[PDB]
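Novice: I would like the atomic coordinates for the input below:
(one chain, ligands or ions: 6)
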Amino acid sequence: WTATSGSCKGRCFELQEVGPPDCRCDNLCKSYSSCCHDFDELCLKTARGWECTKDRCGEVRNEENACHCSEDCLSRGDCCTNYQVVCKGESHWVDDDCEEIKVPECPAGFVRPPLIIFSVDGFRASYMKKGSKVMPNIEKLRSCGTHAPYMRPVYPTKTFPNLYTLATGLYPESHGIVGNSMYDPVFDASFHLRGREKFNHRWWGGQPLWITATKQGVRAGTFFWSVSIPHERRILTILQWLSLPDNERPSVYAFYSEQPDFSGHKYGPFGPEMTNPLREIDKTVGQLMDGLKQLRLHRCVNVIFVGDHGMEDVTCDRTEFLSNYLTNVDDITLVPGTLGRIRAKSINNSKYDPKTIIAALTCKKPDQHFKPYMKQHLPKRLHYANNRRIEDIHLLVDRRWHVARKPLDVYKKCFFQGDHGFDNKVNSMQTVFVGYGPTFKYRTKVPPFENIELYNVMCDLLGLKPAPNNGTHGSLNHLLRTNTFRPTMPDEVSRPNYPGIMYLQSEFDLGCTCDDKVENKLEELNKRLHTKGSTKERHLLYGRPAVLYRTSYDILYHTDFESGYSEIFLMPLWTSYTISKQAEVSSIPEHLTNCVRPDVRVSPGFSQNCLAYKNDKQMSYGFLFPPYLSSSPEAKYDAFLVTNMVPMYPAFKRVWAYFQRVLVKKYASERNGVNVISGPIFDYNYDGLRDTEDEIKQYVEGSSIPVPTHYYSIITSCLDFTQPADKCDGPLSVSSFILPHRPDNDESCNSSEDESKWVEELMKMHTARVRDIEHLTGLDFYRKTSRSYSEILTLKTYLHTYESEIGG
Ligand SMILES: *[C@@H]1O[C@H](CO)[C@@H](O[C@@H]2O[C@H](CO)[C@@H](O[C@@H]3O[C@H](CO[C@H]4O[C@H](CO)[C@@H](O)[C@H](O[C@H]5O[C@H](CO)[C@@H](O)[C@H](O)[C@@H]5O[C@H]5O[C@H](CO)[C@@H](O)[C@H](O)[C@@H]5O)[C@@H]4O)[C@@H](O)[C@H](O[C@H]4O[C@H](CO)[C@@H](O)[C@H](O)[C@@H]4O)[C@@H]3O)[C@H](O)[C@H]2NC(C)=O)[C@H](O)[C@H]1NC(C)=O
Ligand SMILES: Cc1cc(NC[C@@H]2CCCO2)n2ncc(-c3ccc(Cl)cc3)c2n1
Ligand SMILES: [Ca+2]
Ligand code: NA
Ligand code: NA
Ligand SMILES: [Zn+2]
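Specialist: Numbers count the residues shown, from 1 in each chain. Ligands and ions are numbered 1, 2, ... in the order given. Pasting the structure now:
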């Protein structure tokens, strides 16, 4: 019940919403069917439109008008945005030259520069270049302020998951808004785009920027706007709030536009109909900036122009139907479109079976435009699994395609030429970032970054302490003139042991054998040196990784590689080695094919054993430092140490052996040397964070050797590739991956072909940030470089995407 008989008199767009059953006058009352009876009359005046004209100049105030052109309007804070231009001979903001804003120039009584977020739905990154002719205000913000070529959204690249990621700094799996449609099996409740359930607070996790501000004593304008409030009125409301007295005035505001997404769905991202909505958005920007200029705030406010996701060409006729794959289609529920999520129609039906559903959808048709995954097997870079609202079965849909359950769903429910939702690496889903104001840099281009990073920066712009989030605070310091956040490196928690020779070969009963007894003061003085770390400067280029949790581990040095060996997990946490451009690939000699050698620095009790592999019929083993890349026949024996061995399914060994024999050398050739760090990952509860030992669900049969869920590699070189990786004086370049450790290659439909046709494609799909590996391993990399810590934070958040260059 709402007693809509109250009034909005003196309450229009009031900042705190009132509780039922009193009627509301806030910018969301329309959405709740709850506004007072006089809200339209008082709060949505439209008379005479939005612009001053010559003849209105100096008019007698008529309270009926949408905005005012009378002498008193500046003190009232309700002039039309073009009042000074029309009636006082002023210029438009966009017509003024840009002039660096070195310090904030604020009116008296402003404690801090206010922040205004101008968020645009469906604003694809290439619009900044392609629509430049028709967006002069936005082009001025971009060229005068700080901009990125594009900003990466989160997956899925839908509206609510991305706007709430902007507000919280969290992945959708953590904030809980995991799609535009959801079922929560604990609440037994559904979330939909249309309706009232979406307003229930229990859906919305984490702590959004407006709550962070409020809890810390910074007032916030309400960010959300009912769709029927026109854009001009939204801008006028923001400008009116900026005229409130100091003790009532918010410091942070948001405007939101439903365009260009709305028209992009209908016409496609580059439909000729798209020019007009871009003109209209630009005009809105113009109104805001003229309005700030009138208030003398245009060199005081920080303005962010930011999109939620882009838009791709998608039509009715590019739809895959699950009815062409499955016989039991009526026993499943599908969340359809640019991603698919599958669950059982009924929890009472015990003949439903995810394993056979997945098998019926896997590589079934030559040109298949979607790939099914159990959610825990999706690329870790998507961070899309740890939430009960995400269904176990997921379909990754190719860009430009839909998936639907049955053809009738697509015509009895073409109408559309654009959509979004796809993998957040896809070029068409990238969106925009521009920052303009006293706290942002002047005429500065910054590299692309992810939208999960923005919350930290918005908190910095307001002097707030961010709630715990997924951004890496300090990674976007290079956007800011001042208010930088000066992070310190985490403290190492476990210090390593440095074992010497402590065991005789005969103490080992591992069932391992090696043909190595084919056995000099020159070359034995030298081998002692290598075991003490004499080549460590070559193979460990950025310092030892720090171990950020409590554990027991040993540093092991060798001629060709260095490792940090876990006595708890019986294998390295990390193995580091450098391959120069000149390095040669050799083979594993026949007599060494099955060679495994006890490591006399590490006890039998803290070693793996070969008998466990012999008896485990499913499981084989590989090496972290590859024997193919040994520097000499003698150094090669080090690669067969039991302390360099890790468990690998035979199907995975195909992938790993190709990466090690063929790809590392190729990268060294191309990048002028590389440094490689590889190791295992255990994430059995798919939370993106390192497992403790009691979370491990699989061991090599009959042993305590834990089986990794994934294997990573971090491959670093010099950004200036005229310098070799091991002699680099400046910035670094990195690419990394987190490969799933699977017993089959069902993910790769071309896997019966030669590895040269499918392995590298697999690795590219599983590209990752160093920061993702950090979470998954409890390690901190790049501890000793000549670079600034902020620059290293930026490197650690870099993702190598393998997309072509944005623009054609
Ligand atoms: C991305 O960044 C985020 C934020 O830093 C990280 O997420 C955090 O991870 C830690 C470590 O797991 C979590 O700590 C645990 O906290 C709970 C208490 O949880 C409640 O309080 C907090 C604080 O206000 C809330 O934020 C929580 O909100 C969650 O649940 C509600 C529903 O109740 C929901 O609205 C939210 O969307 C959110 O859901 C997500 O997280 C939960 C897990 O908390 C998960 O189930 C879900 O699928 C979503 O992903 C919540 O109200 C505490 O009880 C735990 O203690 C238990 O474990 C310890 C181990 O030490 C045991 O000893 C003990 O017996 C307990 O059983 C944890 O300490 C933290 O909650 C979580 N925060 C958020 C906002 O998600 C991510 O890890 C980051 N991701 C990556 C890849 O780095
Ligand atoms: C999740 C969500 C939803 C939403 N509108 C939805 C509701 C439903 C009906 C009308 O309003 N908006 N509007 C603005 C923003 C936003 C702006 C800036 C930033 Cl930084 C973050 C979020 C936002 N976020
Ligand atoms: Ca885990
Ligand atoms: Na052997
Ligand atoms: Na085996
Ligand atoms: Zn849309």
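Novice: can we go C-alpha only for contacts and neighbour counts from here?
Specialist: Noted.
Novice: what's the separation between residue 266 and residue 273?
Specialist: Counting by Cα to Cα, to the nearest Å, the gap from residue 266 to residue 273 is 9 Å.
Novice: between the two, which is the more surrounded one?
Specialist: For residue 266 versus residue 273, neighbours defined as other Cα atoms under 10 Å are more numerous around residue 266 (17 against 14).
Novice: A helix includes the more buried one, no?
Specialist: Yes. Assigned with DSSP: H, G, I helix; E, B strand; the rest coil, residue 266 falls within a helix.
Novice: my guess is it contacts residue 315. True?
Specialist: No. With contact defined as Cα atoms under 8 Å, residue 266 does not count as touching residue 315 (10.0 Å).
Novice: residues from this protein in reach of ligand 4?
Specialist: Contact residues, the chain versus ligand 4 (Cα under 5 Å from the ion): 513, 514, 594, 595.
Novice: report how many residues lie close to the first one.
Specialist: The number of residues packed around residue 513, counting by other Cα under 10 Å, is 13.
Novice: got the contact list for it?
Specialist: 594, 595, 596, 597 (Cα atoms under 8 Å, 6 or more residues apart in numbering).
Novice: now the helices for the stretch 451-600 of the chain?
Specialist: 454-461, 521-532, 536-539 (DSSP state H, counting those that start in this stretch).
Novice: I meant to write the stretch 301-450 of the chain there.
Specialist: 354-361, 407-411.
Novice: starting at the chain centroid, how far to stretch 142-158?
Specialist: 12 Å (Cα atoms, centre = their mean, to the nearest Å).
Novice: now swap in stretch 22-35 and tell me
Specialist: 35 Å.
Novice: related to what we said a few turns ago, quick check: neighbours shared by residue 266 and residue 315?
Specialist: 416, 417, 418.
Novice: show me the strands in the stretch 201-350 of the chain, by range?
Specialist: In the stretch 201-350 of the chain, the segments counted as strands under DSSP state E, counting those that start in this stretch are 252-260, 302-307, 312-313, 319-321, 332-335, 339-344.
Novice: in stretch 774-788, which residues are buried?
Specialist: Applying a neighbour-count criterion of 16 or more other Cα atoms under 10 Å, the buried positions in stretch 774-788 are 774, 776, 777, 778, 779, 780, 781, 782, 783.
Novice: let me see the contact set for the third one.
Specialist: The contact partners of residue 777, by Cα under 8 Å, 6+ apart, come to 573, 681, 682, 689, 690.
Novice: so of the residues you listed, which ones are in strands?
Specialist: Counted as lying in strands by DSSP state E, out of the contacts of residue 777, are 573, 681.
Novice: now compare the contacts of residue 777 and name the two farthest from each other.
Specialist: For these, the farthest-apart pair by Cα to Cα is 573 and 689; their separation is 14.4 Å.
Novice: comparing the two, which residue is more hemmed in?
Specialist: Applying other Cα under 10 Å to residue 573 and residue 689 shows that residue 573 carries more neighbours, namely 23 against 18.
Novice: I'd say the more buried one and residue 680 touch.
Specialist: Yes. With contacts counted by Cα under 8 Å, residue 573 reaches residue 680, the gap being 6.4 Å.
Novice: hmm, back to that, export the residues of the chain next to ligand 4 to JSON lines and append columns for distance to ligand 1.
Specialist: Shown next, in JSON lines, are the residues of the chain next to ligand 4 (distance: Cα to the nearest ligand atom, whole Å):
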{"residue": "513", "distance to ligand 1": "41"}
{"residue": "514", "distance to ligand 1": "42"}
{"residue": "594", "distance to ligand 1": "38"}
{"residue": "595", "distance to ligand 1": "38"}
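Novice: of those residues - the most surrounded one?
Specialist: residue 595 (19 neighbours).
Novice: got the contact list for that one?
Specialist: By Cα under 8 Å, 6+ apart, the neighbours of residue 595 are 512, 513, 514, 515, 640.
Novice: likewise for residue 699?
Specialist: 705, 706, 707.
Novice: how close does it get to residue 419?
Specialist: 44 Å.
Novice: and what of residue 547?
Specialist: Taken as Cα to Cα, the span from residue 547 to residue 419 is 44 Å.
Novice: more neighbours, the two?
Specialist: Set residue 547 next to residue 419 and count neighbours by other Cα under 10 Å: residue 419 wins out with 30 against 24.
Novice: and the strands in the stretch 451-600 of the chain?
Specialist: 546-547, 553-557, 562-566, 571-579.
Novice: chain center to the first one, what's the gap?
Specialist: Same thing as strand 546-547. 24 Å.
Novice: same thing with the last one?
Specialist: Between the mean C-alpha point of strand 571-579 and the mean C-alpha point of its chain there is a distance of 27 Å (Cα atoms, centre = their mean).
Novice: so what's the residue of the chain found nearest ligand 2 up against?
Specialist: Nearest to ligand 2, among the residues of the chain, is residue 224, at 3.8 Å (Cα to the nearest ligand atom). Residue 224 makes contact with 27, 28, 254, 255, 256, according to Cα under 8 Å, 6+ apart.
Novice: just the buried ones among those, please.
Specialist: Listed as buried from the contacts of residue 224 are 27, 28, 254, 255, 256; burial here means 16+ other Cα under 10 Å.
Novice: out of those, which touch ligand 2?
Specialist: Near ligand 2, judged by Cα under 6 Å from any ligand atom, the entries from these are 254, 256.
Novice: turn the buried ones among the contacts of residue 224 into TSV, columns for distance to residue 262.
Specialist: Formatted as TSV, the buried ones among the contacts of residue 224 follow (distance: Cα to Cα, whole Å):
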residue	distance to residue 262
27	21
28	20
254	19
255	16
256	13
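Novice: go through the buried ones among the contacts of residue 224 and say which is closest to residue 236.
Specialist: Nearest to residue 236 among the buried ones among the contacts of residue 224: residue 255, at 10.7 Å, using Cα to Cα.
Novice: what does the stretch 601-750 of the chain put close to ligand 5?
Specialist: Taking Cα under 5 Å from the ion as the contact definition, the stretch 601-750 of the chain meets ligand 5 at 613, 614, 616, 617, 619, 620.
Novice: close to ligand 3: what parts of the chain are there?
Specialist: Counting by Cα under 5 Å from the ion, the chain comes close to ligand 3 at 683, 685, 687, 689, 690, 691.
Novice: before we move on, back to that, export the strands of the stretch 451-600 of the chain to JSON lines and append columns for distance to residue 630.
Specialist: Shown next, in JSON lines, are the strands of the stretch 451-600 of the chain (distance: least, Cα to Cα, whole Å):
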{"stretch": "strand 546-547", "distance to residue 630": "26"}
{"stretch": "strand 553-557", "distance to residue 630": "14"}
{"stretch": "strand 562-566", "distance to residue 630": "13"}
{"stretch": "strand 571-579", "distance to residue 630": "10"}
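Novice: relative to ligand 5, which of those is closest?
Specialist: Among the strands of the stretch 451-600 of the chain, the nearest to ligand 5 by Cα to the ion is strand 571-579 (17.1 Å).
Novice: in its sheet, what does the closest one sit against?
Specialist: strand 562-566 (antiparallel), strand 674-681 (antiparallel) (DSSP bridges).
Novice: figure out which of the ones you listed is closest to residue 171.
Specialist: Judging the strands paired with strand 571-579 by Cα to Cα, what sits closest to residue 171 is strand 674-681, at 20.4 Å.
Novice: close to ligand 1, is the closest one?
Specialist: No. Using Cα under 6 Å from any ligand atom, strand 674-681 never reaches ligand 1; the gap is at least 13.4 Å.
Novice: which ones are touching residue 732?
Specialist: 716, 717, 718, 719, 720, 795.
Novice: do that again at 7 Å, thanks
Specialist: Residues in contact with residue 732 (Cα atoms under 7 Å, 6 or more residues apart in numbering) are 716, 717, 718, 719.
Novice: from the residues you listed, which ones fall inside strands?
Specialist: 716, 717, 718.
Novice: and these, which is closest to residue 133?
Specialist: The closest of the ones in strands among the contacts of residue 732, once distances to residue 133 are taken by Cα to Cα, is residue 718, at 38.4 Å.
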